[PDB]
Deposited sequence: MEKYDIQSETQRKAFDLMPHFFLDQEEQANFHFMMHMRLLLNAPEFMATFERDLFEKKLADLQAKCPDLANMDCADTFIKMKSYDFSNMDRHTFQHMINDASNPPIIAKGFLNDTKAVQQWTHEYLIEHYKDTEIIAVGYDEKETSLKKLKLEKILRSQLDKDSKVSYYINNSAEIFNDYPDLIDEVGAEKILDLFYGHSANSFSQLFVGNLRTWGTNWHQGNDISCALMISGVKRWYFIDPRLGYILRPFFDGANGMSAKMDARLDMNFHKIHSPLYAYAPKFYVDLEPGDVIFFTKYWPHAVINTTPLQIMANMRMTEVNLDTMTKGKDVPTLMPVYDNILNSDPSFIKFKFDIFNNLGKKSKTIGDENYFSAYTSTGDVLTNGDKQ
């Protein structure tokens, strides 16, 4: 409870409900079997009947624990996340917090406040000063950042640009590292993880954000301009989102974060009553979160600028892949480590570090 900022009776009741969502060993065995096959068979709704039966049984478990569950306000089931001051943060203390599976996503409040990016970077500023910058993107190889920024500033524009998060912008443009303050992130992770992927995200409100999904690596979101509202659920409640795979690196879910909570109450009651954690990521704020933390992102300002850094576990001594970080969903390690595509992908990352 002390790891979150609860502000109502309904929020507190939702939080106290969380342990009753956790799957028993037989339910875990069937969830493992289902999710393993959903990847291997490339079948998003494999064992949909079991999943449906599980949701019904799990709702009955909540109703047994909370007889007047129907009365609690599903609109007020969002719990504000606590943020930290990283002024006196050392890499050793940080790496312990990252390795602690009981810790929720870590938000460093105003960590990048004194960076050039946070101080100066806007859609307007980037257009005139960064005319040569190219990013991996396409309309829904590489395109000029200026071209994307201009199109996003044009109200009459037709084409929206999808920016690929599997890029290396800091490899392409090493000067940007100190500008966005990425060296602070590298310092915190030195001897723990190496930066596998880096990308700069620029958007208007024609892209509303990202729907429920989860990552298979450590992610760092560097908020530069505008505000994004992040939703999270505990990894052990991931199953309520109806998770599936679009390949090993496409860990998706069918839960629509946009929908009214009273609409969810009818169709997805587990999600409706579940405690959902949220943070408003403001310029200078950095959020760190480990593997299998489901999240949705909703753009709340007309324009946003955000840098993303994906980190992979390394051993400096050996140079090779580091031991897999402790997690609340170790079953996903077993599933992904069975996929030869994912195994090769992880080795290709390490070949690309050298």
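Residues of the deposited sequence missing from the coordinate set occupy positions 141-147, 362-389.
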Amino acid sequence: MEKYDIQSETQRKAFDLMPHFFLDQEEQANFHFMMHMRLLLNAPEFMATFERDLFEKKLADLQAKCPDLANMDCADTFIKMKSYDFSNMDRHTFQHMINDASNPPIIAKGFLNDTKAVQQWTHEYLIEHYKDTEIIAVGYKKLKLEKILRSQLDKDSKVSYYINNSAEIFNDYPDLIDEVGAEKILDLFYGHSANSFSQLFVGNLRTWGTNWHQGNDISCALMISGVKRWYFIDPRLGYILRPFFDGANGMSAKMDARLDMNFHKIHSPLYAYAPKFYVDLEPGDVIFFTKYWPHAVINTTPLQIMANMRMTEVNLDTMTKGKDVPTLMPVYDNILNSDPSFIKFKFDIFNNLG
From here on, numbers count along this sequence of modelled residues.
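In this entry, 304-312 has the higher mean Cα B-factor, the comparison being between 304-312 and 28-36.
In this entry, 115-123 shows the higher mean Cα temperature factor of the pair 115-123 and 236-244.
As recorded in the PDB entry, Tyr162 shows the highest C-alpha B-factor of the residues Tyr162, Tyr271, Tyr278, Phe86.
Comparing the C-alpha B-factors of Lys254, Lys80, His129, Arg229 in the entry, the top value falls on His129. The entry lists a Cα temperature factor for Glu9 that places it in the highest third of the chain's modelled residues. In the PDB entry, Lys144 places in the highest third of its chain by CA B-factor. Among the modelled residues of its chain, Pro44 has a C-alpha B-factor that falls in the lowest third according to the deposited record. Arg150: CA B factor in the highest third of modelled residues in this chain (values from the PDB entry). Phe189 sits in the middle third of its chain by CA B factor, as recorded in the PDB entry.
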